[PDB]
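Have a look at the structure below before the remarks.
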Amino acid sequence: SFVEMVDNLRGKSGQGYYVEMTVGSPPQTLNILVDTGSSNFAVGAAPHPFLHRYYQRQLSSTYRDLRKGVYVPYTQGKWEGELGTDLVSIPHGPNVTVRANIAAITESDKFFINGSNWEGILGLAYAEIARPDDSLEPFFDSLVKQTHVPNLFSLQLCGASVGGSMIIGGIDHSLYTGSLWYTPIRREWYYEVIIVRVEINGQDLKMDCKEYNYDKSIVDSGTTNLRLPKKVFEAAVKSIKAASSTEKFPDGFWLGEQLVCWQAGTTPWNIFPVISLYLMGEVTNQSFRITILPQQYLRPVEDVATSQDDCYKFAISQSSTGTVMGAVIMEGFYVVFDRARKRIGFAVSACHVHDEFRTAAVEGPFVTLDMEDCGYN
Ligand SMILES: C[C@@]1(c2cccc(NC(=O)c3ccc(Br)cn3)c2)CCSC(N)=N1
């Protein structure tokens with residue numbers, strides 16, 4: 001039943017979308033970040049200032065210690081944990097319980113964030129990027145092996161008490177309108193895809209399309225921003241600046257380190273361009289585009305202290321590890337992770353972004369003469 005799964009996600013702007021899960025016997029309830037950009041199931045398992053609660057292994061009679069540790073450094077933050085297995089369920093997901101690997105986080109630095117309301121991360125990507133290595137079976141692989149659940153899930157993330165839906169085992173048509181367009185998964189590690197063209201307010205960036213995928217492009221619900229390779233980022237910022245030049249932006253705004261604010265309701269959306277990302281289609285040299293509005297890439301901040309005005313952070317940033325289509329891109333689209341057919345689908349979601357003049361869209365097909373492979377691999 002997909003209806004029971006609708007609206008099973010919550011979150012805070014720029015804080016992460018999480019689903020309720022249980023671990024252990026009897027079940028211990030925790031909120032878990034849904035992350036298509038990693039492959040470990042990892043949960044706080046010791047007290048922490050920012051943790052509202054944690055996994056208590058000694059209180060679970062079904063816990064099995066794997067007698068192995070794991071250290072996972074990120075660019076920002078890090079945690080250390082002990083690997084084990086236990087019974088895991090998703091109360092508002094599939095009606096099943098499975099035994100899964102769990103990394104019990106016993107030490108961390110700048111990993112858990114105050115007020116996020118999640119206590120762990122559910123890595124939904126593939127084993128190749130699991131830590132400490134690809135022999136640690138990811139949760140979704142365990143789910144499919146141990147149950148009759150079809151090998152796919154879909155995410156409908158809705159921007160700013162319900163934050164969206166994770167539907168496991170199929171597609172819920174009530175969550176999107178129009179056509180569902182599919183792009184192939186290039187390699188099963190991250191959810192890697194190929195961008196073939198980029199336009200900003202209708203204007204082609206006219207780069208070799210391999211530049212858009214240097215050194216990979218991925219779909220990642222565990223990253224807030226649209227992250228772009230240096231060359232593409234500079235070109236995008238140049239275009240957006242030119243379009244919005246009628247207004248001055250604080251030092252550091254384009255680096256994402258500063259807010260811009262307007263009086264309530266007066267945000268000049270119309271001076272900001274739409275961004276179109278064309279994704280490789282399922283047929284040779286065909287593609288489709290998803291169009292991103294400023295309502296997506298100018299992310300609202302919901303801090304009470306700033307609430308007299310409407311303030312935003314620039315949610316596009318520079319990457320040295322490839323393009324990342326993060327949450328601000330996924331928001332408003334229904335995104336189908338069709339692992340069974342090695343493809344990802346996009347459709348306009350019931351909570352898609354729009355104003356009176358413009359709307360997020362998924363459109364195709366588009367045809368390209370140049371037969372170059374846009375893969376950087
Ligand atoms: C595991 C890792 C990770 C670790 C620690 C926090 C996070 N994400 C967030 O805090 C986060 C915040 C707002 C949104 Br919207 C989505 N995610 C992600 C590593 C960095 S990139 C990634 N996808 N996953």
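In the structure tokens, the first chain shown is A, the next is B, and so on; residue numbers restart at 1 for each chain, and ligands run from 1 in the order shown.
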
Do you have, as CSV, the list of residues of chain A lying at most 7 Å from ligand 1, each with its nearest atom pair and that distance in Å to one decimal, counting only C-alpha atoms and all ligand atoms and ordered by chain then number?
```
residue,atom,partner,partner_atom_place_in_ligand_line,distance
A:13,CA,ligand 1,15 (Br),6.6
A:14,CA,ligand 1,13 (C),4.2
A:15,CA,ligand 1,13 (C),3.9
A:16,CA,ligand 1,14 (C),3.5
A:17,CA,ligand 1,15 (Br),6.1
A:35,CA,ligand 1,23 (N),5.6
A:36,CA,ligand 1,23 (N),6.4
A:37,CA,ligand 1,23 (N),3.8
A:38,CA,ligand 1,24 (N),5.2
A:74,CA,ligand 1,19 (C),6.0
A:111,CA,ligand 1,5 (C),5.7
A:220,CA,ligand 1,23 (N),5.6
A:221,CA,ligand 1,16 (C),5.7
A:222,CA,ligand 1,17 (N),3.7
A:223,CA,ligand 1,16 (C),4.4
A:224,CA,ligand 1,15 (Br),4.1
A:327,CA,ligand 1,15 (Br),4.9
A:328,CA,ligand 1,15 (Br),7.0
```

Next item on the list: Write out as a ChimeraX atom specification all residues of segment 136-360 of chain A that DSSP puts in strand (DSSP E) for this structure's backbone.
Entry: /A:153-157,164-168,176-184,192-193,195-200,203-204,217-219,226-229,260-263,275-280,286-292,298-300,309-314,316-319,323-325,333-338,343-349

Contact table segment 83-134 of chain A vs segment 152-166 of chain A, cut-off 12 Å, shortest pair per residue, only C-alpha atoms, as CSV:
```
residue,atom,partner,partner_atom,distance
A:90,CA,A:166,CA,10.6
A:92,CA,A:166,CA,9.2
A:93,CA,A:166,CA,7.7
A:94,CA,A:166,CA,10.3
A:124,CA,A:153,CA,9.5
A:125,CA,A:153,CA,11.3
```

Those residues with N, CA, C and O atoms, as an mmCIF file, in the first residue's frame please?
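What ended up in out.cif:
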```cif
data_model
loop_
_atom_site.group_PDB
_atom_site.id
_atom_site.type_symbol
_atom_site.label_atom_id
_atom_site.label_comp_id
_atom_site.auth_asym_id
_atom_site.auth_seq_id
_atom_site.Cartn_x
_atom_site.Cartn_y
_atom_site.Cartn_z
ATOM 1 N N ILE A 90 10.603 0.040 8.882
ATOM 2 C CA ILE A 90 10.167 1.401 8.591
ATOM 3 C C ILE A 90 8.657 1.442 8.821
ATOM 4 O O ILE A 90 7.884 0.960 7.995
ATOM 5 N N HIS A 92 6.221 3.533 8.595
ATOM 6 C CA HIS A 92 5.384 4.067 7.525
ATOM 7 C C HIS A 92 5.981 3.756 6.160
ATOM 8 O O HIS A 92 5.799 4.503 5.197
ATOM 9 N N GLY A 93 6.704 2.644 6.092
ATOM 10 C CA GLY A 93 7.205 2.153 4.825
ATOM 11 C C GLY A 93 6.598 0.800 4.529
ATOM 12 O O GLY A 93 5.445 0.549 4.883
ATOM 13 N N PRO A 94 7.352 -0.100 3.885
ATOM 14 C CA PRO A 94 6.897 -1.469 3.625
ATOM 15 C C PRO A 94 6.576 -2.188 4.928
ATOM 16 O O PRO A 94 7.205 -1.940 5.956
ATOM 17 N N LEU A 124 21.220 5.013 0.766
ATOM 18 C CA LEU A 124 20.420 4.245 -0.189
ATOM 19 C C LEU A 124 21.147 3.905 -1.489
ATOM 20 O O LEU A 124 20.568 3.285 -2.380
ATOM 21 N N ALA A 125 22.406 4.314 -1.594
ATOM 22 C CA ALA A 125 23.207 4.036 -2.782
ATOM 23 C C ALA A 125 23.815 2.633 -2.713
ATOM 24 O O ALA A 125 23.425 1.818 -1.872
#
```

Next item on the list: Could you please write out, as a PyMOL selection string, every residue of segment 80-243 of chain A that DSSP assigns to alpha helix (DSSP H)?
Entry: chain A and resi 139-146+230-243

C-alpha atoms of the current selection, written as a PDB file, in the first residue's frame:
```
ATOM      1  CA  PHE A 139      20.162  -1.599   3.735  1.00  0.00           C
ATOM      2  CA  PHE A 140      18.141  -1.557   0.528  1.00  0.00           C
ATOM      3  CA  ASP A 141      20.039  -4.559  -0.819  1.00  0.00           C
ATOM      4  CA  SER A 142      19.183  -6.439   2.386  1.00  0.00           C
ATOM      5  CA  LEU A 143      15.560  -5.324   2.096  1.00  0.00           C
ATOM      6  CA  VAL A 144      15.197  -6.673  -1.446  1.00  0.00           C
ATOM      7  CA  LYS A 145      17.042  -9.933  -0.691  1.00  0.00           C
ATOM      8  CA  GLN A 146      14.974 -10.746   2.383  1.00  0.00           C
ATOM      9  CA  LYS A 230      34.556  24.766 -11.087  1.00  0.00           C
ATOM     10  CA  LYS A 231      34.272  25.695 -14.780  1.00  0.00           C
ATOM     11  CA  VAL A 232      30.517  25.124 -14.894  1.00  0.00           C
ATOM     12  CA  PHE A 233      29.963  26.877 -11.562  1.00  0.00           C
ATOM     13  CA  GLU A 234      31.808  30.015 -12.688  1.00  0.00           C
ATOM     14  CA  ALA A 235      29.783  30.113 -15.904  1.00  0.00           C
ATOM     15  CA  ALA A 236      26.493  29.605 -14.047  1.00  0.00           C
ATOM     16  CA  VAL A 237      27.306  32.325 -11.514  1.00  0.00           C
ATOM     17  CA  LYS A 238      28.307  34.671 -14.323  1.00  0.00           C
ATOM     18  CA  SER A 239      24.947  34.145 -16.041  1.00  0.00           C
ATOM     19  CA  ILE A 240      22.874  34.479 -12.874  1.00  0.00           C
ATOM     20  CA  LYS A 241      24.757  37.611 -11.798  1.00  0.00           C
ATOM     21  CA  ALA A 242      24.197  39.246 -15.178  1.00  0.00           C
ATOM     22  CA  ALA A 243      20.467  38.505 -15.042  1.00  0.00           C
TER      23      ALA A 243
END
```

Wanna dump the segment 261-348 of chain A-segment 168-185 of chain A contacts at 7 Å for me, each residue with its shortest atom pair and the distance in Å to one decimal, counting only C-alpha atoms, ordered by chain and number, as a Markdown table?
```
| residue | atom | partner | partner_atom | distance |
| --- | --- | --- | --- | --- |
| A:279 | CA | A:183 | CA | 6.3 |
| A:280 | CA | A:183 | CA | 5.5 |
| A:281 | CA | A:183 | CA | 4.9 |
| A:282 | CA | A:183 | CA | 5.9 |
| A:334 | CA | A:176 | CA | 6.1 |
| A:342 | CA | A:185 | CA | 5.2 |
| A:343 | CA | A:184 | CA | 4.2 |
| A:344 | CA | A:183 | CA | 5.4 |
| A:345 | CA | A:182 | CA | 4.1 |
| A:346 | CA | A:181 | CA | 5.3 |
| A:347 | CA | A:180 | CA | 4.7 |
| A:348 | CA | A:176 | CA | 5.5 |
```

Checklist line | Surrounding residues of segment 202-209 of chain A excluding itself and chain neighbours under 4 positions, 6 Å, only C-alpha atoms, as JSON, numbers by chain | finding: {"A": [196, 198, 374]}

Notebook entry, point to check: Between atom CA of residue 10 of chain A and atom CA of residue 22 of chain A, what is the spacing in Å?
Noted result: 15.9 Å

Closest pair table for segment 17-38 of chain A residues within 8 Å of segment 49-59 of chain A, only C-alpha atoms, as CSV:
```
residue,atom,partner,partner_atom,distance
A:23,CA,A:55,CA,7.5
A:24,CA,A:57,CA,7.5
A:25,CA,A:59,CA,7.7
A:26,CA,A:59,CA,7.9
A:28,CA,A:55,CA,6.9
A:30,CA,A:54,CA,7.4
```
